[PDB]
Amino acid sequence: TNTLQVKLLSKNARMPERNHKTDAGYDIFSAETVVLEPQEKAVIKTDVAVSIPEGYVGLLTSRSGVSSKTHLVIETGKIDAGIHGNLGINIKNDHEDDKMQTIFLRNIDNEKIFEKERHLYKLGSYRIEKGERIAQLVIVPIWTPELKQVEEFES
Amino acid sequence: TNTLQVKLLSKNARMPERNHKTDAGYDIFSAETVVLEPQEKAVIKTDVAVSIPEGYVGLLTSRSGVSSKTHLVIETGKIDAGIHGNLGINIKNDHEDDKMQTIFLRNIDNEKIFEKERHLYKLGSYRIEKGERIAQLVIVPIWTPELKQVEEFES
Amino acid sequence: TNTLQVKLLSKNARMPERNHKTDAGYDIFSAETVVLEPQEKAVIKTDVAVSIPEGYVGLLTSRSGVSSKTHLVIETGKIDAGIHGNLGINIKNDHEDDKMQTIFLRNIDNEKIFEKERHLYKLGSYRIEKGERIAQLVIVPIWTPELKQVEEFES
Ligand code: NI
Ligand code: NI
Ligand code: NI
Ligand code: NI
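Residues numbered from 1 in each chain as written, not as in the entry; some residues may be left out. Chains lettered and ligands numbered in written order. Heavy atoms only, no water. Residues with missing side-chain atoms left out of burial classes, pairs and counts.

Determination of this PDB entry was carried out by X-ray crystallography to a resolution of 3.10 Å, according to the record.

Rules: UniProt positions are given in the numbering used here, feature names are shortened, and annotations may be inferred rather than shown by experiment.
As recorded in the PDB entry, chain A goes by the name DUTPASE, listed as coming from Staphylococcus phage 80alpha. In the Sequence similarities (unreviewed entry) part of its UniProt record, chain A is described as follows: "Belongs to the dUTPase family."

## Remarks on the interface of chain A and chain C
For the record, the criterion: Any two residues whose heavy atoms approach within 4.5 Å at even a single point are treated as in contact. In this text, helices come from DSSP runs of H or I with a minimum length of four residues, and strands from runs of E with a minimum of two, each type numbered from the N-terminal end. When residue character is reported, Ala, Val, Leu, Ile, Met, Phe, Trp, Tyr, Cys and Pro are called nonpolar, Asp, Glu, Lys and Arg charged, and the others, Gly included, polar. Being paired, for any two strands, means DSSP has found at least two bridges between them.
Listed per partner, the contact involves 38 residues of chain A and 29 residues of chain C. Secondary-structure elements contributing two or more residues to the side of chain A that touches chain C are β1 (5-8), β5 (48-51), β6 (56-62), α1 (64-69), β7 (72-74) and β15 (133-141) of chain A. When grouped by side-chain class, the residues that make up the side of chain A that touches chain C number 17 nonpolar, 15 polar and six charged. The pairing of β1 of chain A with strand β16 (residues 148-149) of chain C spans two bridges and is parallel. Residue pairing for β16 of chain C: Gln 5 of chain A is matched across the bridge by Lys 148 of chain C.

## Section: the sheet that holds strand β7 (residues 72-74) of chain C
Backbone hydrogen bonds hold the strands of a sheet together, and the pairing may be parallel or antiparallel. Residue and element names in this part refer to chain C. We apply this condition: All axes are obtained by fitting lines to C-alpha atoms, using only the stretch in contact for helices, and the reported angles, taken between N-to-C directions, cover 0 to 180 degrees.
Pairing in this open sheet of three strands is antiparallel, and the strands run β4-β9-β7 from one edge to the other. Edge positions in the sheet fall to β4 (41-45) and β7, since each has one partner strand and no second. With strand direction ignored, the average angle separating the axes of adjacent strands in the sheet is 35°. Sheet analysis places β7 next to strand β9 (residues 88-93), joined by three bridges and oriented antiparallel. Residue pairing for β9: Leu 72 is matched across the bridge by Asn 93.

## Notes on the pairing of strand β5 (residues 48-51) of chain C
Residues and elements named next belong to chain C. Cut-off, in case you're wondering: Classification of residues uses two cut-offs on accessible area relative to the type maximum, computed with a 1.4 Å probe and protein chains only: under 20% is buried, over 50% is exposed, and between them is partly exposed.
Along β5, one buried face is formed by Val 48 and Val 50 and the opposite face, lined by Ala 49 and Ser 51, is buried too. Of the strand pairs in this sheet, strand β1 (residues 5-8) and β5 are connected by four bridges, and their pairing is antiparallel. Residue pairing across strands places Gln 5 opposite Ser 51, the latter belonging to β5.

## Regarding the relation of the copies chain A and chain C
There are two copies of the chain, and a rotation about an axis plus a shift along that axis relates them. Our working definition: Their C-alpha atoms serve as the basis on which the copies are superposed by least squares.
Expressed as a screw transformation, the operator carrying chain A onto chain C has a rotation angle of 120° and an axial translation of 0.0 Å, and the superposed copies differ by an RMSD of 0.0 Å. Taken together, the rotation and translation relating the two chain copies correspond to the operation of a three-fold axis. Take the interface residues of chain A: only 8% of them recur as interface residues in chain C, which is what a contact between different surfaces looks like.

## A word on the sheet that holds strand β8 (residues 77-79) of chain B
Residue and element names in this part refer to chain B. Ordered in space as β2-β15-β6-β8, the four strands form an open sheet in which the pairing is antiparallel. Each edge of the open sheet is held by one strand with a lone partner, namely β2 (26-29) and β8. Each strand of the sheet is rotated relative to its neighbour by a mean of 30°, with strand direction disregarded. Where strand β6 (residues 56-62) meets strand β15 (residues 133-141), seven bridges bridge the pair, whose relative direction is antiparallel.

## Topic: the relation of the copies chain A and chain B
Expressed as a screw transformation, the operator carrying chain A onto chain B has a rotation angle of 120° and an axial translation of 0.0 Å, and the superposed copies differ by an RMSD of 0.0 Å. When the interface residues of chain A are mapped onto chain B, a mere 10% of them are again interface residues, pointing to distinct binding faces.

## Points about the interface of chain A and chain B
On the side of chain B, 38 residues touch chain A, which itself brings 29 residues to the contact. Taken together, the residues of the side of chain A that touches chain B sort by class into 11 nonpolar, five polar and 13 charged.

## A word on the packing of aromatic side chains
Rule in force here: Two rings from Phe, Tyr or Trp (for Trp, the six-membered ring) form a pair when their centres sit within 6.5 Å of each other. Planes less than 30 degrees apart are called stacked, planes more than 60 degrees apart edge-to-face, and all others tilted. Look at NZ for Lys and CZ for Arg. If either is within 6 Å of the ring centre and within 35 degrees of the ring normal, a charge sits over the ring.
For the structure on display, the rule yields six aromatic pairs over all chains. Their ring planes at 75° and their centres at 5.4 Å tell us that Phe 104 of chain A and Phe 114 of chain A sit as a pair that is edge-to-face. Here the residue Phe 104 of chain A occupies a position in the loop between β10 (101-102) and β11 (105-106), and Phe 114 of chain A occupies one in the loop between β12 (112-113) and β13 (121-122), the gap between them amounting to 10 residues. Judged by its relative accessible area of 28%, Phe 104 of chain A falls in the partly exposed class. In this arrangement the basic side chain of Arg 14 of chain B is found over the ring face of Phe 29 of chain B, its NZ or CZ atom lying 4.0 Å from the centre.

## A look at the pattern of salt bridges
Opposite charge on two side chains permits pairing when their charged atoms draw close. Spelled out, the test is: Just to be clear on terms, a salt bridge is a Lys or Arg side-chain nitrogen sitting within 4 Å of an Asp or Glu carboxyl oxygen.
A complete count under the given rule lists 33 salt bridges over all chains for this structure. A salt bridge links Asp 94 of chain C to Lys 92 of chain B; the shortest N-O distance between them is 2.9 Å. Linking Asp 94 of chain C in the loop between β9 and β10 (101-102) with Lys 92 of chain B in strand β9 (residues 88-93), this pair reaches from one chain into another. In this pair, the class of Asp 94 of chain C matches that of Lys 92 of chain B, namely buried. Residues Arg 63 of chain C and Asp 27 of chain C are paired through a salt bridge, measuring 2.8 Å at the closest nitrogen-oxygen approach. Of this pair, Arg 63 of chain C sits in the loop between β6 (56-62) and α1 (64-69) while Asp 27 of chain C sits in strand β2 (residues 26-29), and the two are 36 residues apart along the sequence. The pair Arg 63 of chain C / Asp 27 of chain C is uniform in exposure class, with both members buried. One salt-bridge network, in which partners are shared between bridges, spans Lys 92 and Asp 94 of chain A, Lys 92 and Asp 94 of chain B together with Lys 92 and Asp 94 of chain C.

## Structural notes on the side chain of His 71 of chain B
Here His 71 of chain B is to be found in the loop between α1 (64-69) and β7 (72-74). Non-local contacts of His 71 of chain B, meaning those with residues more than four positions away in its chain, are made with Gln 39, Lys 41 and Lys 92 of chain A together with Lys 92, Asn 93, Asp 94, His 95 and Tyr 126 of chain B.

## Some points on unusual backbone geometry
The phi torsion at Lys 99 of chain B lies on the positive side, around 60°, for a residue other than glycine. Mapping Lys 99 of chain B onto the fold places it in the loop between β9 and β10 (101-102). The backbone phi angle of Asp 47 of chain C is positive, close to 60°, even though this residue is not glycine. Topologically, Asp 47 of chain C is positioned in the loop between β4 and β5.

## Description of the side chain of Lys 92 of chain A
Taking the relative accessible area as the measure of exposure, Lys 92 of chain A reaches 6% and is therefore buried. Look past the residues within four positions of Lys 92 of chain A in its chain and what remains in contact with it is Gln 39, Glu 40, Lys 41, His 71, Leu 72 and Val 73 of chain A together with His 71 and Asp 94 of chain B.

This is the structure:
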């Protein structure tokens, strides 16, 4: 009634946390380092499993800060009571492929990351780190009626 | 209380179905064949009508499989109690227009469809078939308070 | 119980309104004129503040008409009980940058706006006006359980 079952699949997974008694969602962390070049799609593994009860739906959705600063687009996933296992972040680096090159990757804050080893990246590329806040989980009550076909509507 | 009114506008419409007693959503099928080239927007007709009651909101949203595999982006529609009639899938083929050509279209599983008649398509194009699972419907309770203007907030 | 606290930060802000007793959402208006060229991201200020209670989450999401007609993509924001202040519309002009030019901007209805003063714009650019319906607010009950780590799931 007042508890949610959470399972960690690997050592690299972090426990989802509710920062404040007013923060409606739960912070979801990445369990792998992914380099996403322009227009690239990926399903980023969190290595976290949830057992949501019946009559409820989970919303694995993007953070307001990351989505506004970066070209990283997270398609909101619907977490049912039936689907157990590794939760994937449905993501796409929506930055355009302009065929231009740069020597800097960008973090989830759109800031240039200065690495010691010099490499050539395609412009607009992003990098996501381990245990990094990229998405959040939102559980909302869901209404299930048994639908019947009608020729016309009434009240 | 435990029933939803569903209307089929044409012979090409399919009845929305809840596969399992745990599947929180209802599978929504396409009622037309649409070829979407890169960057193209469309409102795909389902020929299905719903009569959602007051205090509830419908969410016509993308499937996890289709949205992760293909460049097809479905903007989640909000189905009110007032709007009756043909439900449209707000979609966009988000694949970039690179001016390149191919002889293969791609299905909702991103697989190459091998057609007998040879044709030239623009690279990144998709095709959606009749009675094909592209989206799903999610009904959630909605809270309506009568808002009042205040100069400062209190409790 | 049946009231929502709404605050207007400036003279350019408009009060969110529920048109009909069946319209599940509240119309959100822009408080500034923004010209968005292809691929450009912005946080459009509404100058409106809300005090959503605990156990509820706000959904600042796009309108069905605007999102289907224009290349303007609004990333749905989650409005918590803790975050008070100016609500920002997380937007991106998803139109491709084809390096082509036109002398017409486009409104939220994708129509060409004919201005007296002749100017050169980049093709696919949009303009948003003051007190213009671009987004809507949807408040949904949110379930908060205290999560506990388990090795395996049970019932
Ligand atoms: Ni959503
Ligand atoms: Ni795009
Ligand atoms: Ni949504
Ligand atoms: Ni949403």
